[PDB]
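So this block is data_38.cif, mmCIF, N, CA and C atoms and all ligand atoms:
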```
data_protein
#
loop_
_atom_site.label_atom_id
_atom_site.label_comp_id
_atom_site.auth_asym_id
_atom_site.auth_seq_id
_atom_site.Cartn_x
_atom_site.Cartn_y
_atom_site.Cartn_z
N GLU A 1 -11.37 -5.08 48.42
CA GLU A 1 -9.99 -4.61 48.36
C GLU A 1 -9.03 -5.70 48.01
N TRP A 2 -9.17 -6.86 48.63
CA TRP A 2 -8.37 -7.97 48.17
C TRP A 2 -8.43 -8.19 46.66
N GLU A 3 -9.62 -8.32 46.09
CA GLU A 3 -9.81 -8.50 44.66
C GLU A 3 -9.47 -7.31 43.75
N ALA A 4 -9.60 -6.07 44.25
CA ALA A 4 -9.11 -4.93 43.51
C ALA A 4 -7.58 -4.99 43.42
N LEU A 5 -6.90 -5.37 44.50
CA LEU A 5 -5.44 -5.56 44.50
C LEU A 5 -5.05 -6.63 43.51
N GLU A 6 -5.80 -7.72 43.50
CA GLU A 6 -5.48 -8.79 42.62
C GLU A 6 -5.63 -8.35 41.15
N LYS A 7 -6.61 -7.50 40.84
CA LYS A 7 -6.84 -7.06 39.44
C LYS A 7 -5.80 -6.02 38.98
N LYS A 8 -5.28 -5.29 39.93
CA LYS A 8 -4.21 -4.31 39.69
C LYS A 8 -2.93 -5.02 39.38
N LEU A 9 -2.73 -6.09 40.11
CA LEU A 9 -1.59 -6.88 39.86
C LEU A 9 -1.71 -7.51 38.49
N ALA A 10 -2.87 -8.03 38.08
CA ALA A 10 -3.00 -8.54 36.70
C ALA A 10 -2.76 -7.49 35.59
N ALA A 11 -3.34 -6.31 35.74
CA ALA A 11 -3.10 -5.22 34.79
C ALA A 11 -1.58 -4.81 34.80
N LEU A 12 -0.93 -4.67 35.96
CA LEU A 12 0.48 -4.38 35.99
C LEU A 12 1.21 -5.41 35.16
N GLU A 13 0.84 -6.68 35.29
CA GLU A 13 1.54 -7.75 34.56
C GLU A 13 1.37 -7.61 33.04
N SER A 14 0.18 -7.22 32.63
CA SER A 14 -0.14 -7.02 31.24
C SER A 14 0.51 -5.74 30.64
N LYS A 15 0.45 -4.64 31.38
CA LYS A 15 1.17 -3.42 31.07
C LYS A 15 2.69 -3.66 30.91
N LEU A 16 3.27 -4.36 31.87
CA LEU A 16 4.69 -4.63 31.85
C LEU A 16 5.02 -5.48 30.64
N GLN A 17 4.19 -6.46 30.31
CA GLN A 17 4.42 -7.21 29.07
C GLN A 17 4.35 -6.35 27.83
N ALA A 18 3.39 -5.42 27.76
CA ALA A 18 3.27 -4.40 26.69
C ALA A 18 4.51 -3.49 26.56
N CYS A 19 5.04 -2.95 27.67
CA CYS A 19 6.41 -2.36 27.75
C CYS A 19 7.53 -3.19 27.22
N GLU A 20 7.61 -4.43 27.70
CA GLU A 20 8.60 -5.39 27.25
C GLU A 20 8.57 -5.52 25.73
N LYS A 21 7.37 -5.44 25.15
CA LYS A 21 7.20 -5.60 23.67
C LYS A 21 7.56 -4.35 22.87
N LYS A 22 7.14 -3.17 23.31
CA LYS A 22 7.60 -1.87 22.79
C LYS A 22 9.11 -1.81 22.91
N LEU A 23 9.62 -2.05 24.11
CA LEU A 23 11.05 -2.02 24.35
C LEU A 23 11.81 -2.85 23.32
N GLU A 24 11.28 -4.02 23.00
CA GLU A 24 11.90 -4.91 22.03
C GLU A 24 11.88 -4.31 20.63
N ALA A 25 10.68 -3.99 20.15
CA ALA A 25 10.52 -3.42 18.83
C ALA A 25 11.10 -1.96 18.61
N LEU A 26 11.32 -1.17 19.66
CA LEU A 26 12.26 -0.08 19.52
C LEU A 26 13.68 -0.62 19.36
N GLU A 27 14.08 -1.63 20.11
CA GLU A 27 15.40 -2.16 19.91
C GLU A 27 15.61 -2.58 18.47
N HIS A 28 14.57 -3.03 17.79
CA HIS A 28 14.65 -3.51 16.36
C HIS A 28 14.08 -2.55 15.26
N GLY A 29 13.71 -3.12 14.12
CA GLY A 29 13.09 -2.37 13.00
C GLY A 29 14.09 -1.84 11.95
N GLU B 1 1.56 -6.08 56.90
CA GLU B 1 1.94 -6.42 55.52
C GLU B 1 1.09 -5.68 54.45
N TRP B 2 -0.16 -5.29 54.79
CA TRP B 2 -1.14 -4.85 53.79
C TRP B 2 -0.79 -3.54 53.16
N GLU B 3 -0.52 -2.52 53.98
CA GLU B 3 -0.27 -1.20 53.49
C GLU B 3 1.15 -1.14 52.96
N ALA B 4 2.04 -2.00 53.48
CA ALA B 4 3.38 -2.18 52.93
C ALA B 4 3.30 -2.68 51.47
N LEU B 5 2.58 -3.79 51.28
CA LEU B 5 2.33 -4.28 49.93
C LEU B 5 1.64 -3.22 49.02
N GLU B 6 0.63 -2.48 49.52
CA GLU B 6 -0.02 -1.42 48.75
C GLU B 6 0.96 -0.33 48.34
N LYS B 7 1.88 -0.01 49.24
CA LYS B 7 2.88 1.02 49.00
C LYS B 7 3.83 0.49 47.89
N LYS B 8 4.15 -0.79 47.98
CA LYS B 8 5.03 -1.47 47.06
C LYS B 8 4.38 -1.55 45.68
N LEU B 9 3.07 -1.83 45.61
CA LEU B 9 2.32 -1.77 44.34
C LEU B 9 2.26 -0.38 43.73
N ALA B 10 1.91 0.63 44.54
CA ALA B 10 2.02 2.04 44.12
C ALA B 10 3.40 2.45 43.57
N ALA B 11 4.51 2.03 44.19
CA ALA B 11 5.85 2.37 43.68
C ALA B 11 6.10 1.67 42.33
N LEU B 12 5.71 0.42 42.19
CA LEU B 12 5.88 -0.22 40.92
C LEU B 12 5.11 0.41 39.82
N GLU B 13 3.83 0.69 40.07
CA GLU B 13 2.97 1.40 39.15
C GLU B 13 3.55 2.76 38.67
N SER B 14 4.17 3.53 39.55
CA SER B 14 4.70 4.75 39.07
C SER B 14 6.04 4.52 38.37
N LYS B 15 6.85 3.55 38.81
CA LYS B 15 8.08 3.17 38.06
C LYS B 15 7.73 2.68 36.66
N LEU B 16 6.67 1.94 36.55
CA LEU B 16 6.27 1.46 35.24
C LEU B 16 5.79 2.59 34.36
N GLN B 17 5.10 3.55 34.96
CA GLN B 17 4.58 4.72 34.29
C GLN B 17 5.76 5.56 33.73
N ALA B 18 6.78 5.71 34.57
CA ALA B 18 8.00 6.41 34.18
C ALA B 18 8.59 5.68 32.98
N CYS B 19 8.66 4.33 33.05
CA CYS B 19 9.27 3.54 32.04
C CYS B 19 8.51 3.76 30.75
N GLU B 20 7.18 3.79 30.80
CA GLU B 20 6.33 3.93 29.60
C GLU B 20 6.45 5.33 29.02
N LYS B 21 6.58 6.33 29.88
CA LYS B 21 6.85 7.68 29.42
C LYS B 21 8.25 7.87 28.77
N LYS B 22 9.28 7.23 29.33
CA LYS B 22 10.62 7.33 28.78
C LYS B 22 10.63 6.52 27.50
N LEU B 23 9.99 5.34 27.41
CA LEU B 23 9.94 4.60 26.12
C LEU B 23 9.26 5.41 25.00
N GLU B 24 8.15 6.06 25.30
CA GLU B 24 7.44 6.89 24.33
C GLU B 24 8.34 8.06 23.87
N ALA B 25 9.05 8.72 24.79
CA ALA B 25 10.09 9.75 24.45
C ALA B 25 11.16 9.24 23.55
N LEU B 26 11.71 8.06 23.88
CA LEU B 26 12.69 7.40 23.05
C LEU B 26 12.08 7.16 21.65
N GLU B 27 10.89 6.58 21.56
CA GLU B 27 10.12 6.51 20.28
C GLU B 27 10.19 7.79 19.40
N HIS B 28 10.00 8.97 20.00
CA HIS B 28 9.96 10.26 19.27
C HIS B 28 11.33 10.88 19.21
N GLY B 29 12.35 10.16 19.69
CA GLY B 29 13.72 10.66 19.85
C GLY B 29 13.94 10.91 21.35
N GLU C 1 -2.60 -17.74 49.88
CA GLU C 1 -2.65 -16.90 48.69
C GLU C 1 -1.78 -15.69 48.90
N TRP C 2 -1.72 -15.15 50.10
CA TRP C 2 -0.89 -14.03 50.37
C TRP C 2 0.51 -14.27 49.81
N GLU C 3 1.10 -15.41 50.09
CA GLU C 3 2.47 -15.69 49.65
C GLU C 3 2.61 -15.81 48.14
N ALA C 4 1.52 -16.17 47.50
CA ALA C 4 1.49 -16.24 46.06
C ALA C 4 1.44 -14.84 45.46
N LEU C 5 0.65 -13.92 46.03
CA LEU C 5 0.61 -12.54 45.65
C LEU C 5 1.95 -11.86 45.81
N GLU C 6 2.64 -12.10 46.92
CA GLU C 6 3.93 -11.56 47.11
C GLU C 6 4.93 -12.10 46.13
N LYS C 7 4.95 -13.38 45.86
CA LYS C 7 5.86 -13.86 44.84
C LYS C 7 5.63 -13.25 43.45
N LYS C 8 4.36 -13.00 43.09
CA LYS C 8 4.00 -12.41 41.83
C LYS C 8 4.50 -11.00 41.84
N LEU C 9 4.38 -10.26 42.95
CA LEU C 9 4.87 -8.87 43.07
C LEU C 9 6.41 -8.84 42.91
N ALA C 10 7.13 -9.80 43.53
CA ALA C 10 8.59 -9.92 43.39
C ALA C 10 9.04 -10.12 41.95
N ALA C 11 8.39 -11.06 41.26
CA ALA C 11 8.59 -11.34 39.85
C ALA C 11 8.31 -10.12 38.98
N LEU C 12 7.18 -9.43 39.19
CA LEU C 12 6.91 -8.18 38.46
C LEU C 12 8.04 -7.18 38.66
N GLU C 13 8.52 -7.06 39.86
CA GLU C 13 9.54 -6.09 40.11
C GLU C 13 10.91 -6.44 39.46
N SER C 14 11.24 -7.72 39.37
CA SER C 14 12.37 -8.21 38.64
C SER C 14 12.28 -7.95 37.18
N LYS C 15 11.09 -8.17 36.59
CA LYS C 15 10.93 -7.91 35.18
C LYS C 15 10.99 -6.39 34.97
N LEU C 16 10.43 -5.60 35.87
CA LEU C 16 10.53 -4.14 35.69
C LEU C 16 12.02 -3.64 35.72
N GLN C 17 12.79 -4.01 36.74
CA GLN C 17 14.20 -3.75 36.86
C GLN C 17 14.89 -4.17 35.61
N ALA C 18 14.51 -5.29 35.02
CA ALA C 18 15.13 -5.72 33.78
C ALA C 18 14.73 -4.86 32.56
N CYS C 19 13.44 -4.52 32.42
CA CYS C 19 13.00 -3.57 31.42
C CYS C 19 13.67 -2.16 31.68
N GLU C 20 13.88 -1.76 32.91
CA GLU C 20 14.53 -0.47 33.15
C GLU C 20 16.01 -0.46 32.68
N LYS C 21 16.76 -1.51 32.99
CA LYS C 21 18.15 -1.70 32.54
C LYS C 21 18.24 -1.78 31.02
N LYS C 22 17.33 -2.49 30.35
CA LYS C 22 17.30 -2.46 28.88
C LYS C 22 17.00 -1.09 28.28
N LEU C 23 16.08 -0.36 28.88
CA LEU C 23 15.77 0.98 28.45
C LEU C 23 16.97 1.93 28.59
N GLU C 24 17.69 1.94 29.71
CA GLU C 24 18.90 2.73 29.83
C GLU C 24 19.92 2.37 28.74
N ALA C 25 20.06 1.10 28.40
CA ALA C 25 21.07 0.67 27.40
C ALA C 25 20.65 1.20 26.06
N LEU C 26 19.34 1.24 25.78
CA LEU C 26 18.88 1.79 24.51
C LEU C 26 18.96 3.28 24.46
N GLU C 27 18.76 3.98 25.58
CA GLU C 27 18.82 5.43 25.57
C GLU C 27 20.23 5.89 25.34
N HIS C 28 21.21 5.18 25.85
CA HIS C 28 22.54 5.69 26.02
C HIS C 28 23.63 4.94 25.23
N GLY C 29 23.26 3.88 24.56
CA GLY C 29 24.15 3.09 23.69
C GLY C 29 25.00 2.15 24.52
ZN ZN D 1 -6.54 -0.05 49.86
ZN ZN D 2 -4.46 1.12 52.28
ZN ZN D 3 3.93 6.36 20.21
ZN ZN D 4 3.79 9.75 21.34
ZN ZN D 5 16.78 6.79 31.14
ZN ZN D 6 22.57 9.29 26.97
#
```
Take the structure from the file and write it as structure tokens.
Ligand SMILES: [Zn+2]
Ligand SMILES: [Zn+2]
Ligand SMILES: [Zn+2]
Ligand SMILES: [Zn+2]
Ligand SMILES: [Zn+2]
Ligand SMILES: [Zn+2]
Amino acid sequence: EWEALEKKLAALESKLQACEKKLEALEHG
Amino acid sequence: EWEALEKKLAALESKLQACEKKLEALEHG
Amino acid sequence: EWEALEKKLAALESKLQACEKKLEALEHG
């Protein structure tokens, strides 16, 4: 459970970065 | 602290999910 | 490590709040 939490937190971080990038490129183009 | 943090991770995950759904909507108008 | 996990969760939540505020500005002008 400790390590499953840690991996969820890593995926959240990666997902959020992917959002941040979509968010940016919708802002542009 | 454990289930508090788990609850806090669950809330972020669904807020992020909302964000990704609203970004995709914005994408299509 | 617990305190490191919590700081990472705090930072994720700040970036999410920031992505949410940017998304509202894009939705609504
Ligand atoms: Zn659990
Ligand atoms: Zn639990
Ligand atoms: Zn799409
Ligand atoms: Zn789509
Ligand atoms: Zn909105
Ligand atoms: Zn509007």
Checklist entry - Neighbours of ligand ZN 1 (chain D) within 9 Å, counting only C-alpha atoms and all ligand atoms, as a PyMOL selection string? => result (chain A and resi 1-2+4-5) or (chain B and resi 2-3+6)
Chain C on chain A, least-squares, complete ordered Cα pairing, as a compact mmCIF listing (two decimals) with N, CA and C atoms, in the frame of the given file:
```txt
# COMPACT_ATOMS: atom_id res chain seq x y z
N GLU C 1 -11.15 -6.29 49.19
CA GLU C 1 -10.01 -5.51 48.72
C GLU C 1 -9.00 -6.44 48.11
N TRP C 2 -8.82 -7.63 48.63
CA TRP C 2 -7.91 -8.56 48.08
C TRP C 2 -8.12 -8.66 46.57
N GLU C 3 -9.34 -8.83 46.12
CA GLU C 3 -9.62 -9.01 44.69
C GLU C 3 -9.33 -7.76 43.86
N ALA C 4 -9.39 -6.62 44.52
CA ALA C 4 -9.05 -5.38 43.87
C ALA C 4 -7.54 -5.26 43.70
N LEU C 5 -6.74 -5.64 44.71
CA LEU C 5 -5.32 -5.71 44.63
C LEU C 5 -4.84 -6.65 43.55
N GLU C 6 -5.44 -7.83 43.44
CA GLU C 6 -5.10 -8.73 42.41
C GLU C 6 -5.45 -8.21 41.05
N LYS C 7 -6.60 -7.62 40.85
CA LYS C 7 -6.86 -7.04 39.55
C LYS C 7 -5.87 -5.94 39.13
N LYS C 8 -5.41 -5.13 40.10
CA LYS C 8 -4.46 -4.08 39.86
C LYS C 8 -3.16 -4.72 39.49
N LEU C 9 -2.75 -5.82 40.14
CA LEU C 9 -1.50 -6.54 39.83
C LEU C 9 -1.58 -7.12 38.39
N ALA C 10 -2.74 -7.69 38.00
CA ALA C 10 -2.95 -8.20 36.64
C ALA C 10 -2.79 -7.14 35.56
N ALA C 11 -3.43 -5.99 35.77
CA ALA C 11 -3.33 -4.81 34.93
C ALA C 11 -1.89 -4.31 34.83
N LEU C 12 -1.18 -4.17 35.96
CA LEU C 12 0.24 -3.80 35.92
C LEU C 12 1.03 -4.77 35.06
N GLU C 13 0.77 -6.03 35.19
CA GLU C 13 1.53 -6.99 34.45
C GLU C 13 1.24 -6.97 32.92
N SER C 14 0.01 -6.67 32.53
CA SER C 14 -0.37 -6.43 31.17
C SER C 14 0.30 -5.23 30.58
N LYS C 15 0.37 -4.13 31.35
CA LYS C 15 1.02 -2.95 30.85
C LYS C 15 2.53 -3.24 30.77
N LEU C 16 3.09 -3.97 31.72
CA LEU C 16 4.52 -4.29 31.61
C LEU C 16 4.85 -5.14 30.33
N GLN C 17 4.14 -6.24 30.11
CA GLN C 17 4.22 -7.06 28.93
C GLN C 17 4.09 -6.20 27.72
N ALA C 18 3.22 -5.21 27.73
CA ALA C 18 3.10 -4.32 26.59
C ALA C 18 4.30 -3.36 26.41
N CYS C 19 4.79 -2.75 27.50
CA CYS C 19 6.01 -1.99 27.47
C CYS C 19 7.23 -2.92 27.06
N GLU C 20 7.25 -4.17 27.47
CA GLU C 20 8.35 -5.04 27.06
C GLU C 20 8.35 -5.32 25.54
N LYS C 21 7.18 -5.62 24.97
CA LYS C 21 6.99 -5.82 23.52
C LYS C 21 7.33 -4.56 22.73
N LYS C 22 6.93 -3.38 23.19
CA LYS C 22 7.37 -2.13 22.54
C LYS C 22 8.87 -1.89 22.59
N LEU C 23 9.49 -2.19 23.72
CA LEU C 23 10.92 -2.07 23.85
C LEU C 23 11.67 -3.01 22.90
N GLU C 24 11.30 -4.29 22.78
CA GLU C 24 11.91 -5.17 21.80
C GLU C 24 11.77 -4.61 20.38
N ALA C 25 10.64 -4.02 20.04
CA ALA C 25 10.40 -3.52 18.66
C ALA C 25 11.32 -2.35 18.44
N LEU C 26 11.57 -1.53 19.47
CA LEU C 26 12.49 -0.41 19.31
C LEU C 26 13.92 -0.84 19.28
N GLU C 27 14.30 -1.89 20.01
CA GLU C 27 15.68 -2.33 20.02
C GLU C 27 16.05 -2.92 18.69
N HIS C 28 15.13 -3.59 18.02
CA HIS C 28 15.44 -4.48 16.95
C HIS C 28 14.84 -4.10 15.58
N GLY C 29 14.05 -3.06 15.55
CA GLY C 29 13.45 -2.50 14.33
C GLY C 29 12.24 -3.31 13.92
```
Once you count only C-alpha atoms, what closest atom pair and distance in Å to one decimal does each residue of chain A within 9 Å of chain B have, with rows by chain and rising residue number, as a tab-separated table?
```
residue	atom	partner	partner_atom	distance
A:5	CA	B:6	CA	8.0
A:8	CA	B:9	CA	8.4
A:9	CA	B:9	CA	7.8
A:12	CA	B:13	CA	7.0
A:15	CA	B:16	CA	8.2
A:16	CA	B:16	CA	7.1
A:19	CA	B:20	CA	6.6
A:22	CA	B:23	CA	7.6
A:23	CA	B:23	CA	6.9
A:26	CA	B:27	CA	7.0
```
